[PDB]
Structures are given as structure tokens and as C-alpha cells.
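So the protein sequences, as listed, match chains A and B.
Numbering-wise, the first sequence is residues 857 to 871 according to this note's numbering.
Numbering-wise, the second sequence is residues 1376 to 2664 according to this note's numbering.
Here's the structure, in C-alpha cells; my notes come after.
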Amino acid sequence: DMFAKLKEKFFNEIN
Amino acid sequence: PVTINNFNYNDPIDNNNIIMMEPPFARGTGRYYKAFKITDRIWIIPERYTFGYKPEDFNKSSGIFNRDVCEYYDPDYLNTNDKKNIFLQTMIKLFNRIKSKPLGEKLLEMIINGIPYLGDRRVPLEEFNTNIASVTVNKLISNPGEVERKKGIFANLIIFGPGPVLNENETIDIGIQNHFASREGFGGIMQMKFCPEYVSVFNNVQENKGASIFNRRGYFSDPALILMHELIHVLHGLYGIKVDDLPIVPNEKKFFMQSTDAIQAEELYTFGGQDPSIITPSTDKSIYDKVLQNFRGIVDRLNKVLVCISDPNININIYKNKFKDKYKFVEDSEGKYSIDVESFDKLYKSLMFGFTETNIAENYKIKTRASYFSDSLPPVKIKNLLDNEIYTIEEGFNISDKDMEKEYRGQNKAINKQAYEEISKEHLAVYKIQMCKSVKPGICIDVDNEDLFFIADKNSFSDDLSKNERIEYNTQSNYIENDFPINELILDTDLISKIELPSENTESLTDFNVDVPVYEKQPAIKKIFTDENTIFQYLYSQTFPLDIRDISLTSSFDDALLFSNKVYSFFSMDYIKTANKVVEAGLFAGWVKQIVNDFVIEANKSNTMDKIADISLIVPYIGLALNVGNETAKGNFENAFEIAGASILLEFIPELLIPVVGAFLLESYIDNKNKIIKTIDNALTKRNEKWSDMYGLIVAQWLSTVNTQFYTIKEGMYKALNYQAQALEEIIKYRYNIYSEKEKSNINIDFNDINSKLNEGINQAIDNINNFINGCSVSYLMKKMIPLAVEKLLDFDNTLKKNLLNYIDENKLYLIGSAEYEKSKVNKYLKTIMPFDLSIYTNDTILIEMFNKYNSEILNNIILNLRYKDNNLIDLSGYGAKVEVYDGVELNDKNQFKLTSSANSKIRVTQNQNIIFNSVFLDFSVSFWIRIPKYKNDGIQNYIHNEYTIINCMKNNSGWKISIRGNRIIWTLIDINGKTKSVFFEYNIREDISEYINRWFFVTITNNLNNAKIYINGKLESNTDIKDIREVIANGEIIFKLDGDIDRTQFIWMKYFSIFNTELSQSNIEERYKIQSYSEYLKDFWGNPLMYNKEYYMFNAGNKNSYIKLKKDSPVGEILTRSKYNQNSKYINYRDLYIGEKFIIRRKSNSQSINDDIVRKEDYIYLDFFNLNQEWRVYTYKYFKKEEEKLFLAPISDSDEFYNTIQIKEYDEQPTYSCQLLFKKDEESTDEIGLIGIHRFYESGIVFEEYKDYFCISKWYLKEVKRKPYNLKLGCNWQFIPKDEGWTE
Ligand SMILES: [Ca+2]
Ligand SMILES: [Ca+2]
Ligand SMILES: [Ca+2]
Ligand SMILES: [Cl-]
Ligand SMILES: [Zn+2]
């Protein structure tokens, strides 16, 4: 599950 | 003024006002009666009427005399002097009440002054003869013990006490050698048997509102009105107009048909109100004419009479003058009497339609039954009519001083309890039908004969309409209106005779010849076997014996018949469980509330589980309650009614009498133009008479064979509701009394309150039931009766057209310069049907209202209504159009159908020829939904330029069609000369996002006297003046089929096609739009149902030209701008729809379950989409700290940092294909997080700067969604676009 990968990217998109 | 004489039974015989009479049926054989002269010419013999009855038959026996009457026997009534005295004084009191108002005084004055002619049909024209039993009655004037010495008196009425059946009052006329003077113009001594205290009871189940509080509890009759009703018969008899003609005879050839004596029109006239309408115009005129001829007999006798052979003291000229006055004859200067046709017509109408029970009750403020044909309850005894605390001369029972004037409260069984007693059912005899169960000692239901359905036999009705007519220059039309202005009766100073009565004294009657009728009882029970389980059986199953302990409700009719503790119920499965629920002490009061309440809700159900159905009124449990008609308790009644209408409730479908109207023979007038034109005018006038008489004939049959069945159904429902109430009351009382005595003290319950709460809910239910059934009845008339008459009336018209036209052409020589004026008089006049108005045939305001309610219910104007109900379209309108769907037509159960390019892709409707007739002045509308495909990018000129028809209704190159030419939809009217009119609607084809291309919209075309109009989605789009065309033949077959020059690929989808026989108003159309737009389910972009597990592109109503794309480097949705149509054409432009990500809606749960793949409002979903050969999902961060935030799009996972649950919403209450998507904490909670939309976001930062749109969640949207009108443009409004064959880009 390479999903935290995406989480982190998301968290950097919103910030 | 009329004077009532006073006396006591024991007053001495004075040989003047108190005499010993030898009454007509005593026959000179034997015996004499002390008689009392209540007013001139009227006598009271306070003794039982024995004539034709056996002494034993005065006792209650296992038999009955008549089959309708609930019969009370008391052989002791009038067996003492004191009882006889009470009788006398009550009659005096009743007479006084009658004369207390003009109308009643005048009734008595007419009766007093309407002396029988001094003879009958056997008497020579040149003679008066008094020595006949219809004229003279003897008084014995000798003393007791002496040789009998008799003198004769003239009399008009003798009133006796009752015969064996006290409550069956009856007026009787004297037959001699098989003929009746009182039916042949002469009149004769009339006789009555009457009982003042044993009065009839009736209810008003069938009327609404009704009563501010205490209806519909049963009412007792004012014996003054009962008396006056019989005095009306005396009136008719004294004037010799009580004639026989064709009677109403019940059909008796099924077990459920009410058996009864034949009903003469004179009985229905006497009652009045709505009942004369059961006598056809044909028979009204037949009776009128008979009475007129009879009067021509008398006037002739009067011109010829010279002597009186039996009484030399009679003065011929005195009597000639009294009779002239009685019959309203006129006298010329030579002393010759003739009939003045006006004075006759007034006298007739006043005697038959003026003095009626209905009119007297109205004038006297007495309540009475609504019809000769109404149900009855058993008779009651009026304790004391001589007590002015109870009954008074001035106000009857309804004494304002005791607050009993309002709503006839003084007659109400439930309010004026102190006025009457019930009679012990040991003394009551009733004709019953014992219906024992058989199948294709058992269960046997006793049913009163009179509770059965009255259905008139077809032989009840006159076919005079079939006779020929002889049209002359002076020919006149005959209309006998059954009405008389009651206030003018009251004020006609010519009505009452100013001529003194001649002396009542004459010579003794020595000719006693008379027919005395003989009466016998017949068995009170008739046993029959039947396989049928209709109304009487279904009702019986809802009852239960008194001695039982622990009844429970059931939905199983059979169980209810078998088990004594099981009582049938037609309420929900679920009512039934609550009814049967046993609870602990503490919870009981609460349960009593719930169930009494649930009962009221159940009883009030008045709508229709499916909402597109096109039924205004329904009460859905009627089938289950009675099983009346065609198995109405089996299967969903609502569904059955949708398919087949009011008919399914009828136990019997009667066969109508609809005569072929006879031909006209037009008289010739060589050399007189004036008489030729008058013969034409008279022929046309007579045609209207035949139309009217025919409608009148349908109405007579409707009211006496259909509306009667419906009435019975109303009563049944009154009993059924009442049984359900009674059952629950017993259930409650039983369960309460099981509880410990202490438990019962801490349980607060009022049985009178419970009782009155239920009683209210029943009256609410019966209002709805009345409206529904009344509506059903008018519906049967208008759809199953009238049109079959109109078919024959049109034949008649078409035969008369030929006839009058041939006649104009034969006499053209004498129509020197008028022939074409007359050809066009006739053609124009006979071009339009005479419209049917119920108020011509009745002035019962109940019926008129029924009829007005119907005609102003737009849904009753539907003459074609194609719907899908089983693979298959069929016509639900009620007019039974034939519908043939061929194999190339695709049908689905969303009511959609697809017409393709194939030869076999067609539908043929064959309209009912008897309702489209309306044809020069158009007044009709057509409505449907359509889905027309997008143009094909490469075949663009054929789209733009090639017209094809889709629906075509043409007969002889005239009618109407709906056609399409590319982006245009066209309505065309074509008249009988081929002159054409058009109106059209064109949707844009250069629009970014079109609201019409390949999406369901709703079309309505309405045609009126001067405009054809197109509405789209409820809004008026265009309009064309259509005054300048002629007759349009609109009754051809309707052919649904693509017809033009079109590609194999061309097709069209339609749903809900219907036709109205009126111009729909804007309101109507907007309603229908809203109605037909409604769905439990959400819809996709094209207007089709939204579905789970199905690929969708996403469209945003607030940013039309924007679409979602997974950002490249990132797990978020960026917004992009839809590509335009990229090609040479200047005729078209659009934005691509098949772009952005491929989304799919998945079910969060599927649990509980269900079981189909349609998405519904408030469903909980996951919004997923395909990426890299995988399924990904749209989430929101749980803890975003701004008002909007980027959504997170990533593969499937249950991470406790993101909500995935989406609830799908439709906040717009007006029709729409947009829906919204709300993120929730989980399926359980009420907390709302935000709505999916598009927002702009700031892109950092050191590079270049800008804002950029993203797929987002927003809190702001939630603050606008409850606003009204809903903003269609908000960015949280989404629509889902699946690939569709109707859109190629
Ligand atoms: Ca009539
Ligand atoms: Ca009946
Ligand atoms: Ca039972
Ligand atoms: Cl809501
Ligand atoms: Zn009567």
C-alpha cells in the first residue's frame, strides 16, 4: 500500500 | 283559511260532523265506523284498516307483507276508546301543523276543493251519476236498535288507522270493474291508512358536511311530513292524475339484486328531489299527454252533461262550474268549456312537481331521506307527540327553544333521545336473504333484502325515441321540466278555489260494486346458495359474537369466517399487529393512544402510492373492505383501478337502452316559402329535443342502475368502518379489564372520548369515500354511458342532414334566393353535437355538484393516456382506445419507448370515435416527453434540412402531426381543404451546453379557438393564430412512426404520451411537468435514472465548461476547460462532454439490502473513479481548517484521517437533473462536513502567482442549499454523463 506516499503529497499540496 | 274541527272520541253522534260511516270497502256487507270530520270533505275513522286483511295477520308471524319495510306489528293498537281518542287528537295536532304554513294549508285547500267528478268512465257523457262507490259514501242516520236508514255524503278523503303493519302508511284509490276513476281524470274518494307515532328512520350517510357535530347518526321522521307525503297522493287521486305508465321494475335475476314492487313515476314525482330524473323525458311526456287526454274527456262531458239521474237535488250548472274551476277550464261567451293549454300546464306542473315531499321538507325545515331509494333503519316510536316539550305545531321536533332548530337536531337519534324509543325486535319482521356459501350445515349470512343493490331492469325504460316524427310548419317541441318554483306556488292567488263547496249531502249509495284488494303475507326468509363473496360476506366477516372474550384482528377473510375470535380488517398488516399487541400495565395508556390514532390515520388514507398515476381521488382500502365488484379485494386495488377505473367496483354492468332515433318526415308546402323555412327551423329544433331526450334517457338509467350500486357501496363502507371501530373498542375494553384492579386505577382511560375520536375519523373517511365514489359514478356515466348515446345521436344527425338537404333541393324553386342561406343554416347547426348538461335533467344540488366537481378536475379531460403495464403500452384513459405496438418498438418499464428507422417500429392507436367530435372549434391538448439525439457531426445538412414525422393523425388528408426537422419540433394542423397551420419550437445548436439536445424534455401543445401553442418544460415557447382554417378531422388513427428521409441511425424516445379534450392552462401544464418530473431516484445528465456501478463523466452546473482531471504529479483533482467542437461548421457548436475522469458510484453498504441498482436521494455512496487500470476514490481530509479544501483522490483504503462516506442529495425542489454530494462523519451521524464543489485556490509563490480551480469540499455551499429558489448555478450542483448513443462528439 504505497498510499502514505500520496497522503504526504496531498499534505504538501494543501500547505 | 282552513279550519280544523275539534272533538273527542266519545262525543255523541250528531249525524253531521260525527257520523257512523259505511266506508267503500265495507261493501254494503255488514258494518259501520264512527267517523269524524276533521275538515270539509275529510274524515277520520280512528280504527284499524281491516279491509283485505285476515285477523291473524295483525300478529307478528314468520312472514311479511312487503319486502322492503322493516315491519312492526301490534294487534292491540286502537283497541280501546281512549287510544282512539289519542289518535284523533294527534291527527288534529298534525293537521294543525300542516296548515301552519301556506304551502301546507294550500295542500289541504286543494284537497278539500278537488271534489271527485260525479261519475266515472262507465257513465254516459250526458249524465252525472253519484250512485257509485268512488263518489258517495253512506252515513247511517237511524238510532241504535232501529231499522237502518242511510243518507249519502260526498267525501274526498277518509283516513284510517294502520292495517297490520303500523309503520307502512298507504294511500289507496277505488277500483270499480277493473278501472280507477282517480287514474282517469275524474278522481274519486281517497282512503289512507296512517299511524302517527311509529315513524321511519333514515340516515344521511351519503352527504357531506352534513352536520357541525353529530351526523351521521340516524334521523327520525316528522309524522306531519309522512302525512303530507300521503296527502300528495290524495291530491293526485282527487284530480284524477294518478296515472299508470311505464314503471321502474328491479332486475331480480341475480342473488345480489334488491327485490321490490314496481315503482310508478307518480311515486317518484311525489317524493321529488332527484327521483323524478329516473323517469325519462319520454315517460314524463307520456304521462303528461295521458292526463291531458283524460282532461279532454272531462271538458267534453261538461259540455254535454244535462241531468243527474241519481240525485235530483243536484244543480247541474253549479257542479259544471265547480268542475270548471277544479280543472282550470275556460268558458267562452256561448258557455262552451275548453282546455286552456297554459292553465293546464301550470296546474299539472304544480300538482306533480310543486307539492313534493322534498319541497315540503325544505319549506318546513324537516329533515327527510335523500331518495325514495335510500336505505332505511328500523322504525321508532314517538313517545308523546301531544307534549309540546317534544313536538309542536310550529316547529315539529326541531324546537329552537330547546336548541333543536339548527341541523334538525330534534330529529337526530343521538341527540333527542328523550323523544323516541326503539322497538323490541321481537315485534319486527323483515324480508331477508339467507346467503349460504357454496364453492365450484355451512356458513349462512342473513342479509336484509333492502341492503342489496337496486338495479333497474332494462324494461324499465321507454324507447319512444325510436318513433318517427312529422315535421310541419307549425310543429312544436315538448319539454316537461320536473320543477316548480315553490315560492310562486305559495303566492299564486289563482291556485285556490274561490267557488263555495256544494253541500256534501246526497242520496244513499245503493250500488256497492267495488274491487277490494286482498293481501297475504309471504315468507320473511329466502334461502339461496352462492359461490360469491362480495360485500355482504366481507361485512359479515367483520363481526363477532357478544360472549367472546379476546377478539383479534386478521387479514385473512377465511380465518375470520371460521374462528369466532378472529375479526377481519382491511387496514394495513400493521395496524393489525398493533391492534393485537398485548402490553404491560404502564405502557397501556400509551398504546391506547397510538392505536386510536393509527386507526384515524388508516381511515384517512386518500392518496395513491404512485404519484404519476393520474388519479385525483382514491381511498385505497375499499377493495379490501368489501370485495365488491370484480374481486376488488384480491391484488392491489389502486393498481386495478388505474387500469380499469370505476367499473371494477360494479357488481353488475347493465345493458343500456339506446334506441335508434326515428326518421323525420318533412311536410311539403307547395307555393309557401314561409312554411318551408319554418319546417326547416322546426326540424332543427326537434333535433335538439331528441338529443336532450336521449341524454335524459341515459341519466334515468345511470341513476337507477349505476348510481344505486355506488350508493350501496357508500353504505357498506359506513358499516365497515364502524365494525372496525367497534372491534378495536372491544379489544381495548377487554385488555383494560384484564389488568389488576390497582393497575386499573393508575391507568387513565375514557371510553366516551375514545369512542368520539374514532367516530370523528370515520366521518373524515366517509367524506373522502363519498367524494371518490361520487366521482366514480359520474365517471361511469361520462365514459361508459353518454358516448354510446352520442354515437347514435350522430347517426341520427347524419341521416337528418341528408334528409333536410334533399328537402331544400326539392323545394329550391320556392327558396327563390335563400337556398344557400338554408343549406348553411342546416350544415352549421348540425355540425356540432349538443353538449350534455346534467342540470337540465335534475336540480338536486348534490348531483349537480358531483357533476361540476368532475368537469373541473382536469384529469377527467384525458381522452388518451398511454402507459406501460405489461410489455406493452395500454390506454389508461377510460375510453378504451385500441393500442398496437409492433415488434420494432423498444419498450421499457420506465415508460420509455424508442421509435427507430425500421418498418416494424410503429404504434397504431385507434381512437374511440364517440368522443372526438369537436372539430371546427378546436379545444384539445397533447402532452409528452421526448428525447431527440444530437446531430451527427458529418451528416449535418440532412439534420438541418430533412423533415420527418413522428406522430401522425390524419383521416382523409386532414388532421394533425408532430414532426421534427433537425433541431426543430413542429405541430401542424391540416383542415378539410388542405389549408395548413403550424407552430414550432427550436432549440439552439451553437450552445456550449444545451439543455435540450439528447435530454428528456416535456412538450405540451394546446389548441383553442384562436391559438395553437407549444409549451416546453411548463413554459410557453410559441404560438400561432389558427382562426383562418376550417374543420380539422381529428379522429384518424394515431401512428407513432418515423416517416421522412432519415438515416438508418435516426431514432426518437418518448414517454407519457397523452391527449386532453380541452386546452390545458399554464397552471395545468406546469403541474403536469412537476408531477411527471418526480422520482424516488436521482437522474443522470440525459434525464435517465442514475445508477450504481456505471461509468460517468462529471459535469458541474455552476462551471459548465469545466471538468475534473487527476493532477499529474499529485493526488488531487484539477479543473480544466472543456474542448470545443473543432471543425469547419458554422451551423453548430458545443463543448465535449466525454472528458475528465471516468467516475463510478458504489454502494457504501448494500444493507439492509435492495435489490436494484438505482441511486436514490439520501443514499450513502463512495464516489470512485478509474486510474492506471485501478479503482480510486474521492476522499476529504477530516480536519481541514479553512472553509474550502482540495479533495484527496487516492486508491481505496480505510484510513482514519479521511472521511470517505458521501451522502447523495437533491436540495432543489423544482424539477432538475443536478444533485449534490455531502460528506458525512459516517452513516450514523447527523453531523455534516461539507459539499463537493469547485473552488479556486492560491498557487505559490516565488515562480509566478495565480489562482487555480480544484475539485474541493466547501462549507460555504451548505449555507445556501436551504435557500429558495434553489440557486441552480451553485458550484456544488453536479450531473453525471454516461456515454449515450444519442450523443457522439
Ligand atoms: Ca323526469
Ligand atoms: Ca338497496
Ligand atoms: Ca370471526
Ligand atoms: Cl436536506
Ligand atoms: Zn308514496
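Every residue, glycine too, gets a C-beta built ideally from N, C-alpha and C.
Assumed close pair residue i, residue j - CB separation to whole angstroms, cut-off 8 Å
i       : j       : result
B:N2548 : B:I2414 : Going by Cβ atoms, the distance from B:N2548 to B:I2414 rounds to 50 Å, so no, they are not a contact pair.
B:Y2098 : B:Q1917 : 4 Å
B:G1527 : B:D1548 : B:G1527 to B:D1548, Cβ: 19 Å. No contact.
B:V1580 : B:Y2093 : 5 Å
B:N2382 : B:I2401 : 7 Å
B:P2464 : B:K2200 : Not a contact, Cβ separation roughly 59 Å.
B:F1904 : B:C1811 : 5 Å
Opposing strand residues paired with residue i [DSSP bridges]
i       : result
B:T1425 : DSSP, once it has assigned bridges, lists no residue as partnering B:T1425.
B:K1842 : DSSP, once it has assigned bridges, lists no residue as partnering B:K1842.
B:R2283 : B:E2259 and B:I2414
B:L2188 : Per DSSP, none; premise fails for B:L2188.
B:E2265 : B:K2273
B:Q2582 : B:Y2539 and B:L2597
B:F1411 : B:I1393 and B:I1419
B:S2397 : B:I2389
B:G2612 : B:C2631
Local conformation of residue i per DSSP, three classes
i                       : result
B:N2227                 : helix
B:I2233                 : helix
B:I1987                 : coil
B:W2346                 : strand
B:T1505                 : coil
B:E1545                 : strand
B:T1731                 : coil
B:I2055                 : helix
B:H1554                 : strand
residue 2669 of chain B : Chain B is shown from 1376 up to 2664; residue 2669 of chain B falls before or after that span and cannot be answered.
B:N2475                 : strand
B:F1887                 : coil
B:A2038                 : coil
B:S1927                 : strand
B:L1600                 : helix
B:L1532                 : strand
B:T2381                 : strand
Exposure label - residue i; buried when at least 16 CB within 10 Å
i       : result
B:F2126 : exposed
B:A2569 : buried
B:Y2626 : exposed
B:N2082 : buried
B:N1692 : exposed
B:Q1649 : buried
B:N1553 : exposed
B:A2256 : buried
B:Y2558 : exposed
B:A1978 : buried
B:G1710 : exposed
B:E1959 : exposed
Residue i: contacting residues in chain C (beta-carbon distance under 9 Å)
i       : result
B:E2564 : Given the protein chain composition of this structure (A and B), no chain C is represented.
Practice prompt. Please determine if the region 2606-2615 of chain B and the region 2640-2650 of chain B are in contact, where contact requires at least 3 C-beta pairs separated by less than 8 Å.
Written response: Proximity of the region 2606-2615 of chain B to the region 2640-2650 of chain B meets the contact definition, three or more beta-carbon pairs being nearer than 8 Å.
Worksheet item: Given 8 Å as the limit, is there contact between the region 1767-1783 of chain B and the region 1723-1740 of chain B, that is, 3 or more CB pairs closer than that?
Response: Yes, since at least three Cβ pairs between the region 1767-1783 of chain B and the region 1723-1740 of chain B fall closer than 8 Å, the two stretches touch.
Worksheet entry | At least 3 beta-carbon pairs within less than 8 Å: the region 2289-2308 of chain B vs the region 2412-2430 of chain B | At 8 Å Cβ cutoff, the stretches touch.
Worksheet item: Is the number of C-beta pairs between the region 1907-1914 of chain B and the region 1997-2014 of chain B that are closer than 8 Å three or more?
Response: Taking one beta carbon from each stretch, the region 1907-1914 of chain B and the region 1997-2014 of chain B have 3 or more pairs nearer than 8 Å; the two touch.
Discussion item. Contact between the region 2030-2045 of chain B and the region 1820-1832 of chain B is defined here as three or more beta-carbon pairs at a separation below 8 Å; is this criterion met?
Written reply: A contact is defined here as three or more CB-CB pairs under 8 Å, and the region 2030-2045 of chain B fails this definition with respect to the region 1820-1832 of chain B.
Worksheet item: Do three or more CB pairs link the region 1396-1406 of chain B to the region 1376-1386 of chain B at distances below 8 Å?
Response: For the pair of segments examined, the region 1396-1406 of chain B was found not to touch the region 1376-1386 of chain B: the number of CB pairs separated by less than 8 Å stays below three.
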